[PDB]
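Peer 1: What follows is entry_35.cif, made up of mmCIF, C-alpha atoms:
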data_structure
#
loop_
_atom_site.label_atom_id
_atom_site.label_comp_id
_atom_site.auth_asym_id
_atom_site.auth_seq_id
_atom_site.Cartn_x
_atom_site.Cartn_y
_atom_site.Cartn_z
CA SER A 1 -2.15 5.24 14.02
CA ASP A 2 -0.43 2.41 12.15
CA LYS A 3 -2.23 0.34 9.49
CA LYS A 4 -1.66 -2.22 6.76
CA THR A 5 -4.11 -2.25 3.88
CA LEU A 6 -4.84 -4.77 1.12
CA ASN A 7 -5.36 -2.76 -2.07
CA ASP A 8 -8.01 -4.81 -3.73
CA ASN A 9 -11.27 -3.11 -4.65
CA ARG A 10 -13.38 -6.32 -4.67
CA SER A 11 -15.81 -7.75 -2.16
CA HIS A 12 -13.97 -11.05 -2.36
CA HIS A 13 -10.19 -11.23 -1.81
CA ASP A 14 -9.43 -14.42 -3.73
CA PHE A 15 -6.25 -14.93 -5.73
CA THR A 16 -4.56 -17.64 -7.77
CA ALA A 17 -1.14 -18.78 -6.56
CA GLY A 18 1.48 -16.51 -8.07
CA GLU A 19 -0.82 -13.52 -8.82
CA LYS A 20 0.48 -10.21 -7.49
CA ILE A 21 -1.21 -8.60 -4.47
CA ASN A 22 -0.76 -4.91 -3.65
CA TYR A 23 -0.37 -3.68 -0.05
CA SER A 24 0.13 -0.35 1.70
CA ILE A 25 1.67 0.12 5.14
CA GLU A 26 1.25 3.31 7.15
CA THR A 27 3.46 3.84 10.20
CA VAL A 28 3.61 6.86 12.50
CA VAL A 29 6.91 8.68 12.91
CA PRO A 30 7.23 10.21 16.38
CA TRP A 31 7.58 13.93 17.04
CA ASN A 32 11.02 13.28 18.59
CA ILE A 33 12.41 11.02 15.87
CA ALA A 34 15.44 13.32 15.53
CA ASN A 35 16.51 12.29 19.07
CA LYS A 36 16.39 8.56 18.21
CA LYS A 37 18.84 6.30 16.31
CA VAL A 38 16.83 3.93 14.08
CA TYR A 39 13.34 3.31 12.69
CA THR A 40 12.49 -0.15 11.38
CA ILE A 41 9.52 -1.68 9.65
CA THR A 42 9.33 -5.47 9.83
CA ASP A 43 6.91 -7.24 7.53
CA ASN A 44 5.81 -10.64 8.80
CA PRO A 45 3.49 -12.27 6.23
CA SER A 46 1.32 -15.11 7.48
CA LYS A 47 2.21 -18.55 6.07
CA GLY A 48 1.25 -18.84 2.41
CA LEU A 49 2.10 -15.23 1.59
CA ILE A 50 5.43 -14.25 0.06
CA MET A 51 6.47 -10.57 0.01
CA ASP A 52 8.56 -9.16 -2.81
CA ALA A 53 10.97 -6.76 -1.16
CA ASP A 54 12.25 -5.53 -4.56
CA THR A 55 8.85 -3.79 -4.97
CA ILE A 56 9.14 -1.62 -1.80
CA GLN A 57 8.70 2.10 -2.23
CA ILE A 58 8.49 4.69 0.56
CA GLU A 59 6.57 7.92 -0.23
CA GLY A 60 8.73 11.05 0.09
CA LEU A 61 11.86 9.04 0.92
CA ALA A 62 14.45 8.22 -1.76
CA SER A 63 15.63 4.59 -1.94
CA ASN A 64 19.16 5.73 -1.13
CA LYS A 65 18.02 6.83 2.37
CA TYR A 66 17.17 3.37 3.82
CA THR A 67 18.11 -0.30 3.51
CA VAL A 68 16.10 -3.49 3.08
CA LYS A 69 16.75 -7.02 4.26
CA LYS A 70 14.84 -10.11 3.06
CA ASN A 71 13.97 -12.48 5.93
CA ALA A 72 13.52 -16.25 6.23
CA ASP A 73 9.74 -15.95 6.94
CA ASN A 74 9.37 -14.46 3.42
CA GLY A 75 8.97 -10.93 4.79
CA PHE A 76 11.50 -8.18 5.14
CA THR A 77 12.95 -5.47 7.37
CA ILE A 78 13.29 -1.85 6.30
CA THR A 79 15.89 0.04 8.31
CA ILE A 80 15.85 3.83 8.27
CA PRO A 81 18.32 6.01 10.20
CA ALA A 82 16.33 8.34 12.40
CA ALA A 83 18.24 11.32 11.08
CA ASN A 84 16.74 10.59 7.62
CA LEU A 85 13.18 11.05 8.99
CA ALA A 86 13.38 14.57 10.45
CA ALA A 87 10.96 15.94 7.88
CA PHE A 88 8.45 13.19 8.82
CA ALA A 89 8.39 13.99 12.57
CA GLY A 90 4.78 13.70 13.78
CA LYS A 91 3.68 12.42 10.35
CA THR A 92 2.83 9.00 8.85
CA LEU A 93 5.27 7.09 6.61
CA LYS A 94 3.59 5.36 3.62
CA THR A 95 5.18 2.15 2.30
CA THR A 96 3.90 0.18 -0.67
CA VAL A 97 4.87 -3.39 -1.51
CA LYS A 98 3.57 -6.45 -3.37
CA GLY A 99 3.28 -10.08 -2.36
CA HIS A 100 1.95 -13.29 -3.84
CA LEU A 101 0.59 -16.60 -2.56
CA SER A 102 2.73 -19.74 -2.56
CA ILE A 103 1.13 -22.70 -0.84
CA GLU A 104 3.41 -25.38 0.64
CA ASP A 105 0.78 -26.65 3.12
CA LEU A 106 -2.60 -27.59 1.66
CA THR A 107 -4.31 -26.87 4.98
CA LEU A 108 -3.86 -23.20 3.99
CA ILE A 109 -6.34 -23.52 1.10
CA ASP A 110 -9.55 -21.64 1.93
CA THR A 111 -7.99 -20.02 4.98
CA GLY A 112 -7.55 -16.28 5.44
CA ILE A 113 -3.96 -15.19 5.03
CA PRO A 114 -3.11 -11.67 6.28
CA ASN A 115 -0.04 -9.58 5.85
CA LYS A 116 1.35 -8.17 9.10
CA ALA A 117 3.89 -5.50 9.94
CA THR A 118 5.42 -3.87 12.98
CA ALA A 119 7.25 -0.55 13.20
CA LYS A 120 9.93 -0.10 15.86
CA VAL A 121 11.77 3.02 17.14
CA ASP A 122 15.13 2.06 18.68
CA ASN A 123 14.22 -0.94 20.82
CA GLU A 124 10.51 -0.18 21.14
CA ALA A 125 7.77 -1.70 18.96
CA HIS A 126 4.47 -0.12 17.94
CA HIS A 127 1.60 -2.58 17.96
CA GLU A 128 1.70 -5.08 15.08
CA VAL A 129 -0.87 -4.30 12.40
CA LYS A 130 -2.62 -6.70 10.02
CA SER A 131 -4.17 -6.31 6.59
CA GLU A 132 -7.38 -7.84 5.38
CA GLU A 133 -7.02 -11.56 4.65
CA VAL A 134 -6.58 -12.97 1.16
CA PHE A 135 -7.77 -16.47 0.15
CA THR A 136 -6.98 -19.07 -2.47
CA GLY A 137 -9.34 -21.94 -3.31
CA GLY A 138 -9.37 -25.32 -5.08
CA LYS A 139 -11.33 -28.29 -6.25
CA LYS A 140 -11.19 -32.06 -5.59
CA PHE A 141 -12.36 -34.76 -7.99
CA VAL A 142 -12.87 -38.54 -8.13
CA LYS A 143 -12.53 -40.66 -11.27
CA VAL A 144 -15.13 -43.49 -11.16
CA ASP A 145 -16.77 -46.12 -13.33
CA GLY A 146 -20.08 -44.65 -14.52
CA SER A 147 -21.94 -47.96 -13.97
CA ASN A 148 -20.43 -48.69 -10.52
CA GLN A 149 -19.45 -45.49 -8.76
CA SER A 150 -17.80 -47.31 -5.82
CA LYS A 151 -15.20 -48.42 -8.39
CA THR A 152 -12.56 -45.69 -8.34
CA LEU A 153 -10.08 -45.70 -11.24
CA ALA A 154 -6.29 -45.34 -11.32
CA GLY A 155 -4.20 -43.97 -14.16
CA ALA A 156 -6.41 -41.22 -15.49
CA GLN A 157 -4.50 -38.05 -16.34
CA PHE A 158 -6.24 -34.66 -16.33
CA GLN A 159 -4.99 -31.24 -17.38
CA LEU A 160 -6.20 -27.98 -15.84
CA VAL A 161 -7.67 -25.70 -18.53
CA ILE A 162 -9.97 -22.72 -18.97
CA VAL A 163 -12.95 -23.08 -21.35
CA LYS A 164 -15.12 -20.43 -22.96
CA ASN A 165 -18.07 -20.96 -25.30
CA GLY A 166 -17.37 -24.73 -25.12
CA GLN A 167 -13.76 -24.48 -26.32
CA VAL A 168 -10.46 -24.70 -24.49
CA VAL A 169 -9.08 -21.15 -24.46
CA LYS A 170 -6.23 -21.44 -21.92
CA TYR A 171 -3.91 -24.12 -20.52
CA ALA A 172 -2.64 -23.87 -16.94
CA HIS A 173 1.05 -24.28 -16.12
CA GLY A 174 2.60 -24.53 -12.66
CA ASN A 175 1.14 -25.49 -9.32
CA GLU A 176 -0.01 -24.04 -5.98
CA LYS A 177 3.60 -23.57 -4.76
CA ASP A 178 5.39 -22.29 -7.84
CA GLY A 179 2.29 -20.37 -9.01
CA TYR A 180 0.06 -20.82 -12.04
CA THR A 181 0.20 -19.14 -15.40
CA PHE A 182 -2.37 -19.52 -18.16
CA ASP A 183 -1.80 -19.20 -21.88
CA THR A 184 -2.56 -20.82 -25.23
CA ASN A 185 0.44 -23.19 -25.23
CA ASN A 186 -0.38 -26.90 -24.96
CA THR A 187 2.93 -28.17 -23.53
CA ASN A 188 4.11 -28.53 -19.89
CA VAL A 189 0.45 -28.32 -18.83
CA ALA A 190 -0.55 -28.70 -15.17
CA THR A 191 -1.58 -32.36 -14.96
CA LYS A 192 -2.54 -34.85 -12.25
CA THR A 193 -2.69 -38.64 -12.34
CA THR A 194 -5.19 -40.69 -10.33
CA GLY A 195 -4.30 -43.51 -7.94
CA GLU A 196 -6.39 -46.44 -6.76
CA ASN A 197 -9.00 -44.25 -4.99
CA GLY A 198 -9.53 -42.18 -8.16
CA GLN A 199 -8.70 -38.88 -6.41
CA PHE A 200 -7.09 -35.82 -7.94
CA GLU A 201 -7.30 -32.10 -7.25
CA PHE A 202 -6.15 -28.59 -8.27
CA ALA A 203 -5.45 -26.18 -5.44
CA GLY A 204 -4.33 -22.58 -5.39
CA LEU A 205 -7.03 -21.15 -7.65
CA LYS A 206 -9.06 -18.01 -7.40
CA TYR A 207 -12.86 -18.34 -7.31
CA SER A 208 -14.77 -18.93 -10.55
CA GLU A 209 -16.60 -15.62 -10.17
CA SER A 210 -13.19 -13.93 -10.57
CA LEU A 211 -12.52 -15.38 -14.02
CA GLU A 212 -13.03 -13.34 -17.19
CA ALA A 213 -16.42 -13.19 -18.87
CA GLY A 214 -17.69 -16.57 -20.08
CA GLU A 215 -14.74 -18.49 -18.63
CA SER A 216 -14.90 -21.67 -16.58
CA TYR A 217 -12.26 -23.87 -15.11
CA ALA A 218 -12.33 -27.39 -16.50
CA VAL A 219 -10.30 -30.61 -16.31
CA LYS A 220 -9.38 -32.21 -19.62
CA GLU A 221 -8.69 -35.94 -19.64
CA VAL A 222 -5.56 -36.76 -21.66
CA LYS A 223 -5.11 -40.40 -20.66
CA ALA A 224 -7.84 -42.84 -19.69
CA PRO A 225 -7.62 -45.64 -17.11
CA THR A 226 -6.78 -48.91 -18.79
CA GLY A 227 -9.86 -50.33 -20.48
CA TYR A 228 -11.92 -47.13 -20.41
CA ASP A 229 -12.89 -44.66 -23.12
CA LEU A 230 -11.14 -41.30 -23.21
CA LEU A 231 -13.64 -38.53 -22.43
CA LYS A 232 -14.52 -36.38 -25.45
CA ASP A 233 -15.14 -33.10 -23.65
CA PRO A 234 -13.45 -31.19 -20.80
CA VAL A 235 -15.31 -31.41 -17.50
CA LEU A 236 -16.28 -27.98 -16.15
CA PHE A 237 -15.99 -27.19 -12.45
CA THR A 238 -16.68 -24.34 -10.06
CA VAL A 239 -14.42 -22.94 -7.34
CA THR A 240 -16.01 -20.97 -4.50
CA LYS A 241 -15.14 -20.05 -0.95
CA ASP A 242 -14.58 -23.32 0.96
CA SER A 243 -15.05 -25.59 -2.09
CA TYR A 244 -11.73 -27.31 -1.29
CA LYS A 245 -11.27 -27.33 2.48
CA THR A 246 -14.85 -28.37 3.37
CA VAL A 247 -14.90 -31.32 0.97
CA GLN A 248 -13.17 -34.57 1.96
CA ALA A 249 -11.30 -35.97 -1.07
CA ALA A 250 -13.58 -39.01 -1.46
CA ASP A 251 -16.50 -36.62 -1.79
CA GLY A 252 -14.92 -34.65 -4.64
CA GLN A 253 -16.63 -34.04 -7.96
CA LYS A 254 -17.28 -37.40 -9.61
CA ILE A 255 -16.28 -37.95 -13.18
CA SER A 256 -17.83 -41.04 -14.74
CA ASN A 257 -15.86 -43.21 -17.17
CA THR A 258 -17.22 -45.82 -19.65
CA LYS A 259 -15.51 -49.23 -20.23
#
Using the file provided, produce a representation of the structure as structure tokens.

Peer 2:
Amino acid sequence: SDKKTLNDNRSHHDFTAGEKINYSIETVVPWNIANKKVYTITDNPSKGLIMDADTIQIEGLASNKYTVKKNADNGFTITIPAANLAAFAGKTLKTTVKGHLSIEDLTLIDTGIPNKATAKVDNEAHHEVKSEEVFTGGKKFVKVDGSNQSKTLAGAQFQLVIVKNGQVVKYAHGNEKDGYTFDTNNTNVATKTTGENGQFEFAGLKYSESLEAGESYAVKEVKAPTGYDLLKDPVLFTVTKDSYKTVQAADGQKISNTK
């Protein structure tokens, strides 16, 4: 029968925006394919997931035997002449392809995002199949006065970094839409600025348990609110399942500032 599988040998299917995700699609080819005209596979990713059609491979079928079209929903359509599938009659076609997350709607954070696909023979669709869901997480924060925590502070700027053994080891670049990358380079760093309610956030991040050994996410203050001391140390934080979506922004992790 048909199937779509997430190839991710973890118990948790969390990814950072931009990271590559491997999938496999299996689609039955009918016994009488030689009497048909066309076989198509249409990949319909759920919102948040972008497929990379340039990564498609079909097992036992050379790339010169089918065509691929990229579609507006960020999926694709593979079109295979039926004549090119005679050897596969009664067998299952195996397609592999990658995607990545790109979040343009923050309500998608901490929601399960499946890949979906549907095979069709001439005008007649098999049942749509879905993969396991992937997830991306996030964290919300509030900049406050340490001596009056109802006083939220505007104008703080915080960078997203990774710390290990109490040192900054990586700087983030990018965002939840364009994707994040992490490296040692301290320019064009992912940064947010607080408004009057002190809120800022970083979304599109895999869970903390998925980091490398010893690593933590942290936010590093690089500009203080007027009249307040710059923080000496990065502020560590933890991302888990639902740590973004189930926290209203005003309830985000408080960071105290001193006048």

Peer 1: Run the PyMOL selection byres ((chain A and resi 254) around 9) mentally over the shown coordinates, then write out the matched residues as a ChimeraX atom specification, using the chain letters and numbers from the document.

Peer 2: /A:141-144,149,251-253,255-256

Peer 1: What does the distance from atom CA of residue A:11 to atom CA of residue A:241 come to in Å, to one decimal?

Peer 2: 12.4 Å

Peer 1: Take atom CA of residue A:244 and atom CA of residue A:22 and report the distance between them in Å, one decimal.

Peer 2: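 Between these atoms lies a distance of 25.1 Å.
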
Peer 1: Which residue out of A:25, A:247, A:93, A:108 has the minimum interatomic distance to residue A:140 when all atoms listed in the file are used?

Peer 2: A:247

Peer 1: Looking at all atoms listed in the file, which of A:91, A:170, A:127, A:98 is the one that sits closest to residue A:31?

Peer 2: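 Using all atoms listed in the file, the shortest distance to residue A:31 belongs to A:91.
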
Peer 1: Expand the PyMOL selection byres ((chain A and resi 157) around 8) into the explicit residue set it covers here, and present it as a short mmCIF file (atom, residue, chain, number, x, y, z; two decimals) with C-alpha atoms, keeping the file's coordinate frame.

Peer 2:
data_model
loop_
_atom_site.label_atom_id
_atom_site.label_comp_id
_atom_site.auth_asym_id
_atom_site.auth_seq_id
_atom_site.Cartn_x
_atom_site.Cartn_y
_atom_site.Cartn_z
CA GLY A 155 -4.20 -43.97 -14.16
CA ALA A 156 -6.41 -41.22 -15.49
CA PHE A 158 -6.24 -34.66 -16.33
CA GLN A 159 -4.99 -31.24 -17.38
CA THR A 191 -1.58 -32.36 -14.96
CA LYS A 192 -2.54 -34.85 -12.25
CA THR A 193 -2.69 -38.64 -12.34
CA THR A 194 -5.19 -40.69 -10.33
CA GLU A 221 -8.69 -35.94 -19.64
CA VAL A 222 -5.56 -36.76 -21.66
CA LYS A 223 -5.11 -40.40 -20.66
CA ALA A 224 -7.84 -42.84 -19.69
#

Peer 1: The PyMOL selection byres ((chain A and resi 69) around 12) on the file shown: which residues, as a ChimeraX atom specification?

Peer 2: /A:40-43,51-54,56,66-68,70-80

Peer 1: List as JSON, numbers by chain the protein and nucleic acid residues near residue A:259, meaning an atom at most 9 Å away when only C-alpha atoms are counted, but skip any in the same chain fewer than 5 places from it.

Peer 2: {"A": [145, 146, 226, 227, 228, 229]}

Peer 1: Between A:63, A:107, A:123, A:57, single out the one closest to residue A:39, counting all atoms listed in the file.

Peer 2: A:123

Peer 1: How many Å lie between atom CA of residue A:32 and atom CA of residue A:121, rounded to one decimal?

Peer 2: 10.4 Å

Peer 1: Using all atoms listed in the file for the distances, tell me which of A:152, A:131, A:181, A:187 is nearest to residue A:200.

Peer 2: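 Nearest to residue A:200: A:152.
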
Peer 1: Counting only C-alpha atoms, figure out which residue out of A:5, A:246, A:182, A:163 gets nearest to residue A:219.

Peer 2: A:163
